[PDB]
Structures are given as C-alpha cells and as structure tokens.
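*Asks:* Please read through the structure below; I'll follow up with questions.
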Amino acid sequence: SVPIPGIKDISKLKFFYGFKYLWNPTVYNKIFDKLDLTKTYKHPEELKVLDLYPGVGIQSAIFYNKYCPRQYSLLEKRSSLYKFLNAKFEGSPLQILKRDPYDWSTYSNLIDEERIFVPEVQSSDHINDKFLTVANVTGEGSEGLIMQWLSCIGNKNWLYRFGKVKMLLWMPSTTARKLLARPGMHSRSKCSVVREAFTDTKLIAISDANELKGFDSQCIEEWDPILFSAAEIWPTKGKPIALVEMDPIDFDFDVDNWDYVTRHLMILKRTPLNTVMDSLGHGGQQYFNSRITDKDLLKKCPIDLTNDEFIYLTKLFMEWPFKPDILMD
Amino acid sequence: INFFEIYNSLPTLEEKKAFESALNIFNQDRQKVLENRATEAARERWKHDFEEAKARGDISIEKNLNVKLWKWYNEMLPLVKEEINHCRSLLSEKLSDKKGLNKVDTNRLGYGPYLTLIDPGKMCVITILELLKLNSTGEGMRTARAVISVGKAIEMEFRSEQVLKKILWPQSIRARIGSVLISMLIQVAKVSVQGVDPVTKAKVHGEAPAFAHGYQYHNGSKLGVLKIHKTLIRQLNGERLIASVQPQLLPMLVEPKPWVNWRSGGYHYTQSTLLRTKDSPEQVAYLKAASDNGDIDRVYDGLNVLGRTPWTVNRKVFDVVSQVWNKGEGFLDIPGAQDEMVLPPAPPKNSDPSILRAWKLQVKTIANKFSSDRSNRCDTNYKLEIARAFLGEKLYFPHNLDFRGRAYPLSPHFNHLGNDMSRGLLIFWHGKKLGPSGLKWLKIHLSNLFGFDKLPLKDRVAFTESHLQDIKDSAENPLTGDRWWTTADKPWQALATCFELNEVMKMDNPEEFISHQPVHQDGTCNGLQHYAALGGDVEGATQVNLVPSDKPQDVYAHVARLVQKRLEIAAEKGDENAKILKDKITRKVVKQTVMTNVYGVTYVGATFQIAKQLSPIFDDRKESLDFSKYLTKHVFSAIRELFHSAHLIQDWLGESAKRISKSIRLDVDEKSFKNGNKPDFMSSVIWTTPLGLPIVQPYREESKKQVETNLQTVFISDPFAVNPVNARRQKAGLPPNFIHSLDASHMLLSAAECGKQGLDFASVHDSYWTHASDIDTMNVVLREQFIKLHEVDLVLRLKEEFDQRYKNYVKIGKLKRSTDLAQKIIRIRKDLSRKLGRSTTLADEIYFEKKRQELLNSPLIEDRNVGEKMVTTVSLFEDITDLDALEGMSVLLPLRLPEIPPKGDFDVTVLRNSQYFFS
RNA sequence: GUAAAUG
DNA sequence: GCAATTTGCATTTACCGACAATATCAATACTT
DNA sequence: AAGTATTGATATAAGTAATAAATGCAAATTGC
Ligand SMILES: *O[C@H]1[C@@H](O)[C@H](n2cnc3c(=O)[nH]c(N)nc32)O[C@@H]1COP(=O)(O)OP(=O)(O)OP(=O)(O)O
C-alpha cells in the first residue's frame, strides 16, 4: 500500500549529488528473488531495517510492500530529496528521518539516548535475524565510506556490535571490481584483502555488460549477476552501478598487526617476497628468510598471496623478537 | 681582550693602520679555521677515537659512536671502490654499442673522479644530520632530499676542491648518485640491539641493520621515508655530536676577496656565484657569457665597495638587549618565553557541532600564536648568540646579487638588512671626525628615525633640540626610566642614536668628537621616482620630490588625504565600515601599499599588508579582513586616480612581455616538436641593465616526473630540460623586475663613485648609509649618478634592444577567414601544400619562412633576388603598418612590439640642486 | 603550507 | 566565438596535520 | 617482420568528505 514513485516524478528532481538510483520494479523483484532474503529472516514482522542514502525511495517502497518489516528507517540529508520523500510518503507507515549517515555520532545518538531507532542485539555465532542494513553509496566521491565500514566490520564498533549484519550495498562499478579481486588478478589490493578477511560477497547485479570481463569467470558463473541495461538508471552520465551482499564472518587474528603487515606489504604488489620483507622493519628480510622454510612462499608476489599466507606472515611478525611498534603509525 | 676598545684607545692613525695590518695577519688563521669544512677532520677524529678505544680494549657505545662510524667507513670503502672500477670499465671502452644492458653510465661520469675516499664522510654526516628532518619520526627522513642532499653535498665538494686548484649538475644525476650511495651505506650499516623473546620472555642479543627503507601513507599518497634505528636515535640524542660538514654562514673577519669572475669572490675558501640563480641553466649561461665578454666591471667595483666596509657590534645596545632577553617576557619586538602552550577548556561533546568547531578554531588560534612566538624566540636567540660571539671583532659583509641585480649580504643570520634590532646592534668600524656638519646630520638622523621625516631639515633639528633632555635621560637610563625610545618608530636604532647624541652633548666641543653611528639617507617611493624619471612626467616628479623645493611633499600623506575623503563621503551615505575607519587612517596603514604598488603587489598582498598594519592598533583586533579588503579597494581607487604616467609605462612593459612570451623562434622550432599544429613557446624576456648585467627571467612551467633510482623512483623536477615559459608570470613580473634592476644599477654606480671618493658606503636597497660627516658628499655623488643613469632614454633603449635581439621571430595568432588579407594567405598555402605533396601546417609555414630568410640572409647577391621572388606567409605582412588594426584560421604574424608611449618633457638635471629628493 | 623580517 | 577559473615582484629566517608521491601497467613510440 | 623503450594513466587510504550553496578579487587566463 506504498505507491512507488514514477519515472516522471524522479524526472522532476534536479539535484542528485551523483548517486545513481534504479526505477524498475521488475529489476527489483528479480534481484529480491535471487537474494531470497526471507531465508535468513523467517519473520517478516520481526525485521527492523536501517537504510543509508535512500534517495528516491523506490527500493525502500518495494522492500516494504514486499516484506512489511516492523520499522523501516531512511537516513538522508539532501534537502530536495528529503522534501520529495516527505511529499510522496506522507501518511505512509514508513518512517522518514533527516540526519547525515556520514557523521559517526548519528548512529550513536539514534541508538543510545533518544532511541528513535532501537535495534536488537544478537550473538556472533549465527546470522542476525532482526537487523538489516541496505545502503546506496554509488556516489563517486563517497567511496571511502565503504572502506570505513569495511574496517568497522573488524573493529566491531559501528553497527556490528549487534552481531553479524548483512549489508545490501549499491556500489560504483569500479569499487566492486576493486573489492572482488581474486588473488593474482590485476585489481587486487588491500581493499580486496580486507573484504576477503572480514566478509564473503556475491555480486548480485551489475549494469554494464562489458564490465563483467574485469572479474573472475569461475566466480561470475557462481554469482550469476542480474544484468540490466544502462538506460534503467535515471542519471545516465555516471559509470555503471553494482550491488553486493556483505555477510560478516568470524576471524581469529590481531587486527592492528594484520592491517600493518598487509598495508606495508601491498605498497609493493609485484616485487617478489625474496626482497620485499625488508620494508617491514630493520632486518625483517633476514629474520623472515630464516624463519620461513617454504620456497614457494619465498618466491610468490604479494598480489598472489592468499589470506592464510598473510595470517601466517602476521603470526611470524608477532613471533619476531625485534618487531617495531605498529601503534606509532 | 677587546679589539674595538684597543682601536679606540690608539691615538694616531699611523699606529691605527699598523694595528689594522697586525689584526688582519692575526685573524687570517681564525678566518680559515672558521671556513674549514669537516670532510677530513671528521675522518681523522674517527680514526683517532677508534685507535685509542682499541688500545684501551674496553669502551662503551656512547663514546664508541665515532668507532662505529669508522667501522662503517672501512666497510663502505671497498664497495665504492668497486663502483669506481665499474665506472672505469664502462667509460674506458671506446665502443658505444649497448646491448640492452641494465647498467647506467650517466651517473658514472658524474661520480668517477674523487668519491673513492672522502665520500663516506658525506654519506655518514648527511644521513646522521637529517635526523627528524621532515617529521618522519612519526627517527627518519624523507628520501626526496636524502638522495638529493647527498648529491648536492658531493657537487659542492667538487666545486670546493676546484677553487683550490659539467659546471651545473643535473637533478637526475644528483638523485642517482645520492640513491646509489645511500643504498651502499644501508647495505653495511650494522648495530647491535638486545631484544626479548615473546614466547619465553628471555633476553636475546642480535645485530640489526641501521638504516632501513620504507614507505608511508599521507592522505592517499605514498611518501617513501628512510628511517634510523632506535639505538642510533638514542646515541645521537645522548651525545649531540652532529659534526656537520657545511658550516653556517657567518660574517667574515678579513677583507673579502674582490670580485673578479662570476664564480670567484666573496668568501676566501667557500665558492659563491654572482647571481642568486635558482638553479636555472639559462641565467647561468647568460651570466657566464657576460663575465667572459668582460662588460660588468662597474658591477664588480660596486660590489667590492659594498663589501669593503668593516663593522662591529654595539656593546651598549647589546647590553640592554641582553638584559631584556634574560628577563624573557614581552617587549617591543621580543615576544617573550612561553613555557608551555595552554590548552583552552573544551565544551562537552553534547554541545552543538558549531560550538565544537568554534572550540577547535580557538585551539588552532592558540597553537598558531604559540608556534609564531616560538619561531620568533628562536630567531632572536640565534641572532643574539651570533652577536655575543662576534662582539669586539672586526666584521665584514661580502655581498651578492639576485637575478635582477639587487645587493644582499652572504650571511643570512646576522646582517644589516635584518629587523630593527639587527640594524641597531651594528655600527661602523672606522671612526670619523664629526666636523661642523656631523652634529646636524646626527640630529637629523634621530629626527627621521622617530618617523618625523615629512618636516624640513630646520624643523627636524628643532625637534631634536626640543627633545634633547629626553634623549639624555633615556641614554642615561635605558630601562627603569621614562623609556622614551620605546615610543620611537625604530626603537633600537633610536636607542643607539640616543647613546651617541648623549655622549656628544657631554663633550664640550661636538666638532672634535669621533662618531661611529651610521646615518640613514633614503628616498621615498623609489619606484615612483624611477617611473617619473623614465616618463619625464613633471606632474609626478613634483609630487615625489624630483624637482627642487623647500617643503618635502609626502605621497603617503597625499594618498592618506584622498582615502580620508573617500571614507568621509562613504560615511555620509552611511557605511558602517566607513564610520569605523573614517578617522583612523594614517600614513603607515598605506605606506606599504603605495610603496609596493609599483612593485606589483596584487589585491591579496595589499589586503595582507594593510591588515598587518591595522593589527597593532587592535582597533579591529578579532578579525579585520573585511575592513582590510574594503580599505584596499579604496586605496587602489586612489592610487589609480593619482598615477597615470607610471601606469602607461607599466602597461607597455606588460603587453610587450606578453607578446614576447607568445613568440616562436624561426630556426629552433623548425625541428618537429611532436605536436605540429600547436607550437611550444621557449622564449623568455631578456634585457641588459645600463651597467651591463644581462637579466633572464626564469619563470617557466616546471613539471615533476619520476626519475629512476636504485632505492625507488623519486618524484622530482629537472630544470635542465627546457619547458614552455609561464606567460602570465613573465607578464606580471617584467615591470617590477625592470624597476628593481634600475634601483640596483643606481646603487652600484653610487657605491662605486663613493668608494672611489673614499667613503664608507653601506646600502639597503633604497637607503644608503654613511658616517655623519660624509652625508653631503654622498648626496652629491648620488645625484650625479642618478643624472648619469637617467640622462639617456632607458625605455627607448630597451625597445631598441628588444627589436635588435628578436629580429627573426614570428608570432602565432588567430584571424578571421573572411579577411581578404587572410585569403591571400590561403592562396599561398594552396601552392605551398601542393609542392610538398602533403597538407600545409604551421610547421611547414615556419620552414618556408626560414627558407626565405636563408635566401635573404645569404651574402651572395644572386641569392637575394630569389628571396624577393619567393613569397611566403610572412612576406604578406611586410607592408601592413598596423597589425592590431588588421587583427577563422590561425595564421603566422610577425613579432612587432608597440612604439614607446609618449615621452613628456622634463630636464632631469634639475634635481641636482634638490635637497629633499633623497633624504 | 603557517608566521615573521626587509624593500 | 562561448562558460568557467585560478592565481598575482624580490630576498631571508623559523615552524609544521604534512610536504617535490610512488608502483605498476598499458599505450604509443622507436629501433633493429 | 621482429622486437624494445618512453609516456601516460590510475590507484593508494580512509574522517581535515562530498555536493550544493555560498561568495566574492578580478583578471588575465583556460576550458568548451
Ligand atoms: O604550496 C606548497 C605546500 O603545499 C607544500 N610545502 C612546501 N614546503 C612546505 C613546508 O615546509 N610545509 C608544508 N606544510 N607544506 C610545504 O608544497 C607546495 C609547493 O611549494 P612551492 O612550490 O611554493 O615551493 P617551496 O617548497 O620552496 O615553498 P616555501 O616552503 O618556500 O613556501
């Protein structure tokens, strides 16, 4: 009973800040059918969903009319978009909130003291069953916020103190390639490493067909992205748009040391590990050459290193008697 | 022992001269010791300490720092010798058939000669010296200069070794050699450090390398640091043994070596260049060509006279300065000792983000004030330490020139171009009889030191006579009294002159008195004076005191009156800023603006200066930027409505600079530049000063490109690769450069003539300093030299020089296709394109023009006939008188500069009788 | 980059 | 032609949220 | 045809954000 905004209604909007939205109920229902969000969340009523950068609100309206959660939250700052949301969704059971998702204090206030939005806490053993987050960070400038949330996954401070929370994330098509890079690929970086360490991802959708050549084929065939044409997004000037599913997983290592090791190793992503150990500290090359008894790891490049090998290197760095203080940074 | 008091005690000039010769002979050795460079003494000290430690058999690391350095040198030497062996192997072979080898020989020729032994000294000292150089401590230094500084130090060693017997080293070569040598040092740098095992918590002993490469991330950009081990950090900090090789520049103790060549002069054992060229090859090439031709002898003489005057420190003023410094709190200029920065109380996090950012800005303001006070305290402490060290000695000051020609001292810490304290702590070494006129000139100097230089000479002397009682009281009690000198415009020079005049008045006969204090003679708005002299504008000449008169007109007072009138009419309408600023506009608040308007200070600089003068009043204390910008707008309106003859010359110079910066050589550009359609501009505005110094403006587009080095790829810019000129910079910088070159030329002529006459001459840009007895002779010399400089038409000579040097140049420009003149250009291009068989381009047109010039310039008579028969793009324009009137395809245009603006009538000789022209 | 000094 | 748009004299000193960014990869260019 | 080399682009990290609103200096210069 929530009316989806019409393409003409979006057409009247003047300021988008560079955030590409989608206005196709067909594409949304296909994506939802692929995702099968009712499997993990078998109470439609008990669900409480918080959204970031909702924008036009077509996705929010479709989600509400399909699942009917207990409380749906929209966090937007744009004046024109807020006016449009209030005008179109007046009298609706949906709740409209005016804040800034960029500001850290927003969530802390909203959950801690005024408690307009009270979430629910879950154990870390299994997937959360009450709290869901759906974000849209397709704006080209704001791609750093995605890395900030990725780090917050490990730090267990932003919203993952409630448990492991599934993220439905709209991303610029280039950031999706940066994150979802298998070892050995050209687009592998510390973003890919942290993604692999903290979450498992499945590229749900992507607009441009030619872009798919930038990923790994064996992962593409299993993921089965729901491809749609580029004319389906209202601002057609921007780069293609992708969607990913972000499920946090358990991990056992010291986050600060792992971050330091990965960051100082992937500055040189093509030099063989026979020499790049020296960048970590004084005599690091000698110490790691003495400790490591595997020739294959001694010859592999950091771009080809897997997360298990990085964790092993972190353990050896901890075992180093003369390790420098990472906290100086 | 105190040489100054010995000199004053010696009665007769004959034994004074004998004592001077003895003092010179004695201080020769001290000067050599002071200029000594620690590239051999450091090695000898390290060897001696190593041998004594080995003989003893028991030592500790704190005193074994030199032993460790000796070990590092011993381990390094074979590797650098091996590198020299590789250099000789590659260089000796005559064959030049490279087989795709990874070996690099460009640096090899650079570091072949002498780096086999002394080099480890430089690597060790420089790497140790840059300890926390660019906040790499987070210990460590940025690799950016670490390779460069090592390379630069090596180059200086070559230059310093040559004077005792590839002139400019490329940035690429310097970075390469620095990188190679630092890598070699990193290889064999070892130190022993004890650690604790994590598993068993047991102590471990294990050597580790000293210097380690690394990278850091700052806002998403790699940086490439080079760090140092904790044990070395502790040993360096706990010993304070920097042992640097380049001594800090200090005033000399011997007469400076007279300038002979552009590279010989100044310091006795340290090389210097006649121009402060910011490593630009063109300026160095032109200067070397001029020196080889030998047409700057007058410049040499002027510099010699400027540097030949001896100085000494003023003990009486230094005592007061030391007392105030030891008190250590706020004074006239000394900010005082701020022990610790106080953190302002912060509002709670529950407060509004606007309040939080207000608190953050408050903390930023406090931190900025603390840092500024810390820096000023450090500068004052350095200056006071140098003054205390040099007190009682015989100072000297060798001088140098920037690319225009203005004279600066070679010692940047303690000189007479410093602040008021710096000028006050200095007096002339020679003592000259006051004579009949010295008393009057000293009184005038005090009168215009207080800032009352807008009054005639008799009124100034009367003011000094009125305030002689306060002079005596202040000189008797510098502190614990009325502190009258504190109210002066320049308190420290005022205090020194107060001491001087009090000692004079205590004497019965002032004429017999022997004075040392210099006397300041200055001109007002030297830029306006030079523009008036160039344009022959009587209307401005009478305004800025060129024409003889009895009342000294004040341009600052006139513009202050105009600004007051503007603010009055604005306050009548009812502007709040007008009400606030209407009555508080003074001479000083616009002095800098009007003085530097000729200098080319833009709107932002004007606002900064006017706010700087507004702040001490504290009338607008919190923030005066809006008042500053409004007042600058009004002051600019006043200056525009006041000056027109200056502006005509300024506009002509700027527009000619633009046309030069948009020019194309006929011959050099014939070679393909990988662009074809769009040419690159490689010509810079060049002219010769009346003295003979050739000026080459260095403004160019400098682009940083990664250069390949052993350690990493360093992101630097190599100026040796020529680049397109920065047309906007050249256009905005030609007028002030021309005026400052004229100022320097007048300085050097006046200094040469005064030195010939036997005066002691010291100059700070416009102001010229001399003993009180020689002021009249210096004034006569100055007026004569100004007449000699401006007798000829300098702007006309400049235009002639441009047209003679830039004869065979062409300009690019866009013209409408509908023009019938452009139609004939297409007609000629149609034949031209067909003959070559391809499409005609601008490069082809320039090649055709060069071919025509080849036929025209050939001395053979038969060759000239073909040139006239050959018609090209530039051939069409040989008949068009006014190119601007004629001015859609881009077509070639000949380079024709506009004829000089109309020259008014003014006999410059008339200023010879003027007395307020320069005072 | 910030501040200061000089012209 | 048209809109926007990014700076604007010389020299010296001190200080810093920090000052010239670096690694790698492909596209064009050149040489044999 | 075989190659090899010099040039140019892009990412890197992650709270001095982004975008639009805001504002101001104007002007000589730089995009279309
Ligand atoms: O505009 C400057 C600035 O961004 C940066 N920079 C250079 N030196 C410093 C420094 O000491 N501290 C800080 N915080 N930032 C610095 O580099 C830019 C380029 O500098 P310039 O091209 O103006 O050249 P230079 O280093 O000679 O400038 P300056 O130090 O004389 O002002």
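Those protein sequence lines, which keep their order, are chains B and A.
Going by PDB author numbering, the first sequence opens with residue 2, and the numbers climb by one from there.
Here the second sequence stands for residues 386 to 523, 527 to 553, 589 to 1310, 1320 to 1351, numbered as in PDB author numbering.
From the three backbone atoms N, C-alpha and C, an ideal C-beta is built for every residue, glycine too.
Does residue 1422 of chain A get closer than 8 Å to chain B when you measure Cβ to Cβ?
*Replies:* Since the displayed chain A opens at 386 and closes at 1351, residue 1422 of chain A lies outside it and no answer follows.
*Asks:* With 16 as the cutoff for other CB atoms within 10 Å, does A/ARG473 come out buried or exposed?
*Replies:* So A/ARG473 ends up on the exposed side.
*Asks:* Any beta carbon of chain A sitting closer than 8 Å to that of B/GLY140?
*Replies:* So, not an interface residue.
*Asks:* Counting C-beta neighbours from all protein chains within 10 Å, is the total for residue 1316 of chain A 16 or more, i.e. buried, or is it exposed?
*Replies:* Absent from the coordinates is residue 1316 of chain A, which sits in the stretch where chain A moves from 1310 straight to 1320.
*Asks:* Three Cβ pairs or more, each shorter than 8 Å: is that satisfied between the segment 705–720 of chain A and the segment 740–754 of chain A?
*Replies:* Not touching, per the Cβ criterion.
*Asks:* Note down, in chain order, every chain B residue with its Cβ under 7 Å from the Cβ of A/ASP620.
*Replies:* Under the 7 Å cutoff, chain B gives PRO322.
*Asks:* Should the segment 1041–1050 of chain A be called in touch with the segment 984–1004 of chain A, which here means at least 3 C-beta pairs below 8 Å?
*Replies:* Taking 8 Å as the limit for Cβ pairs, the verdict is that the segment 984–1004 of chain A does touch the segment 1041–1050 of chain A.
*Asks:* My understanding is that A/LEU1165 touches A/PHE1350, with C-beta atoms under 8 Å, so please give their C-beta distance in whole angstroms.
*Replies:* Not quite, the Cβ-Cβ distance comes to about 15 Å (not below 8 Å), so this is no contact.
*Asks:* Between the alpha carbons of B/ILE268 and A/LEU475, how many angstroms are there, rounded?
*Replies:* Looking at the two C-alpha atoms, the distance is approximately 34 Å.
*Asks:* Apply the 10 Å Cβ neighbour rule to A/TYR723 and answer buried if 16 or more other Cβ atoms are within range, or exposed otherwise.
*Replies:* When all chains shown are included, A/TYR723 counts as buried.
*Asks:* Here's the rule: buried if 16 or more other CB atoms are within 10 angstroms of the residue's CB, otherwise exposed. What is A/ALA426?
*Replies:* By the neighbour-count rule (16 or more Cβ atoms within 10 Å), A/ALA426 is not buried but exposed.
*Asks:* Contact criterion: CB-CB distance below 8 Å. Does B/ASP52 meet it with respect to chain A?
*Replies:* So, not an interface residue.
*Asks:* Under 9 Å between beta-carbons, which chain B residues line up against residue 376 of chain A? List them in chain order, please.
*Replies:* Nothing about residue 376 of chain A can be read from this structure; chain A reaches only from 386 to 1351.
*Asks:* Skipping 5 residues on each side, what residues in its chain have a beta carbon closer than 8 Å to that of A/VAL611?
*Replies:* So the qualifying residues of the chain are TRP457, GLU460, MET461, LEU464.
*Asks:* Please list the terminal residues of the continuous beta strand (DSSP E) segment that includes A/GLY629.
*Replies:* From DSSP, the beta strand (DSSP E) with A/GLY629 extends over 626–632.
*Asks:* When you compare only the Cα positions, how much space is there between A/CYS921 and A/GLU400?
*Replies:* Computed Cα separation, rounded: 31 Å.
*Asks:* Pick out the complete alpha helix (DSSP H) segments inside the segment 79–153 of chain B, 4 residues or longer, and give them in chain order.
*Replies:* Counting whole runs of 4 or more residues, the segment 79–153 of chain B contains the alpha helix (DSSP H) stretches 80–89, 105–113.
*Asks:* Check whether the segment 831–839 of chain A and the segment 901–917 of chain A are in contact - that is, three or more C-beta pairs closer than 8 Å.
*Replies:* Because the criterion of three Cβ pairs below 8 Å is not met, the segment 831–839 of chain A and the segment 901–917 of chain A do not touch.
*Asks:* Is the shortest distance between the beta-carbon of A/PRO1142 and the beta-carbons of chain B less than 8 Å?
*Replies:* A/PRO1142 does not count as touching chain B.
*Asks:* Since B/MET329 meets chain A, which of its residues come closer than 8 Å, beta carbon to beta carbon?
*Replies:* Chain A residues near B/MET329: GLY523.
*Asks:* Do you know how far the Cα of A/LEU865 is from the Cα of A/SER938?
*Replies:* Each residue's alpha carbon lies about 9 Å from the other.
*Asks:* Counting only Cβ pairs nearer than 7 Å, list the residues of chain B close to A/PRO632.
*Replies:* Here the neighbours are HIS283, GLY284.
*Asks:* Consult DSSP for residue 1319 of chain A and reduce its assignment to one of helix, strand or coil.
*Replies:* Structure remark: chain A lacks residues between 1310 and 1320, so residue 1319 of chain A is without coordinates.
*Asks:* If we ignore side chains and look at the alpha-carbon of each, how far apart do A/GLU1207 and A/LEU1172 end up?
*Replies:* So the alpha carbons of these two residues sit roughly 10 Å apart.
*Asks:* Curious, which full-length beta strand (DSSP E) runs of at least 3 residues does the segment 1069–1096 of chain A contain?
*Replies:* Entirely contained in the segment 1069–1096 of chain A, the beta strand (DSSP E) runs reaching 3 residues are, in chain order, 1086–1088.
*Asks:* Would you grab the beta carbon distance between A/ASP945 and A/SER1095 for me? Rounded to a whole angstrom, and I think it's under 8 Å.
*Replies:* Incorrect: roughly 55 Å between the Cβ atoms, too far for contact.
*Asks:* From A/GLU1277 to A/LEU1089, what does the alpha carbon distance come to, in whole angstroms?
*Replies:* One C-alpha to the other measures close to 11 Å.
*Asks:* Using a C-beta to C-beta distance shorter than 8 Å, which residues of chain A count as neighbours of B/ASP279?
*Replies:* Residues of chain A passing the Cβ test: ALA635, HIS636.
*Asks:* I'd like to know if the segment 758–776 of chain A and the segment 956–968 of chain A are in contact, where contact means that at least 3 CB-CB pairs between them fall below 8 Å.
*Replies:* At 8 Å Cβ cutoff, the stretches do not touch.
*Asks:* Can you give, in chain order, each stretch of the alpha helix (DSSP H) that sits fully within the segment 861–926 of chain A and has at least 4 residues?
*Replies:* The qualifying runs are 880–889, 891–899.
*Asks:* State yes or no: is the C-beta of A/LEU957 within less than 8 Å of the C-beta of A/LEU1157?
*Replies:* No.
*Asks:* Rounded to the nearest angstrom, what separates B/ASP201 and A/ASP620 at their Cα positions?
*Replies:* Those two C-alpha atoms are separated by around 36 Å.
*Asks:* Consider the Cβ of B/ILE268: report whether some Cβ of chain A lies at a distance smaller than 8 Å.
*Replies:* Interface residue, yes.
*Asks:* Here's a check: name, in chain order, each residue in its chain whose Cβ is nearer than 6 Å to the Cβ of A/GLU630, leaving out the five neighbours to either side.
*Replies:* Closer than 6 Å at Cβ, skipping near neighbours: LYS613, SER615.
*Asks:* If you follow the alpha helix (DSSP H) that A/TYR954 is in, where does it begin and where does it stop?
*Replies:* Unbroken alpha helix (DSSP H) run through A/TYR954: 949–958.
*Asks:* Could you tell me the boundaries of the alpha helix (DSSP H) in which A/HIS822 lies?
*Replies:* Unbroken run through A/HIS822 is the beta strand (DSSP E), 822–824; no alpha helix (DSSP H).
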